[PDB]
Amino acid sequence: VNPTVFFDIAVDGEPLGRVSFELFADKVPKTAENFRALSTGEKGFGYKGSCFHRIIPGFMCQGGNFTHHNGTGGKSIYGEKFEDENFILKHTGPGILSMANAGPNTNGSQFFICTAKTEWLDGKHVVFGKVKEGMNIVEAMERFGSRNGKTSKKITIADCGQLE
């Protein structure tokens, strides 16, 4: 069963709306599971209260930092970092969910939602899900981004969890 997760997004505390995602556990089970557990919070850390700290209109919305024992950029459920599981899935268009990293086999918790096809990321960032509902919310988040990526208001994951 591919799990479904949700984020409730807010702009300086003002509710914006819900984004839900399908996680492709059938194709990328270990990467799907990381995201799922970080969205429920079950390991004692995760995405609730995180923000989208880098939003580049027409490209992507990136989030997933949080404080942990060793730093502030978030971490995985498998320790600080984990391997690139596979690159089966491609950055085909708006709504694709994929892992940020700092090089090969450096996945943590940071992730991005693409708002366009971003094929130059194929084979370097692990795609593991897609927006199910709420792409209009992701479009609205874009309006608070910049060419820079710095956001003009704070875009926060006010709540998050698993649906299915």
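The first residue of the shown sequence is 1; numbering continues from there.
According to the deposited entry, which of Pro104, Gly58, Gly95, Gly44 has the largest Cα B-factor? Within the set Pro104, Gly58, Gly95, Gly44, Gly58 shows the top C-alpha B-factor.
Report the option among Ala32, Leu38, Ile113, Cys51 whose CA atom has the maximum B-factor in the deposited record. Max CA B-factor in the entry, restricted to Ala32, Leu38, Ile113, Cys51: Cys51.
Is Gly74 in the lowest, middle or highest third of its chain when residues are ranked by C-alpha B-factor? It belongs to the middle third of the chain when residues are ordered by C-alpha B-factor.
Going by the CA temperature factor in the PDB record, which third of the chain does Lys124 belong to: lowest, middle or highest? Its C-alpha B-factor, which the entry lists for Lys124, ranks in the lowest third among residues of this chain.
Sorting the chain's CA B-factors, does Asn65 end up in the lowest, middle or highest third? Middle third.
How does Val11 rank on Cα B-factor within its chain, lowest, middle or highest third? It belongs to the highest third of the chain when residues are ordered by C-alpha B-factor.
CA B-factor placement of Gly17, once the chain's modelled residues are sorted into thirds: Its C-alpha B-factor, which the entry lists for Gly17, ranks in the lowest third among residues of this chain.
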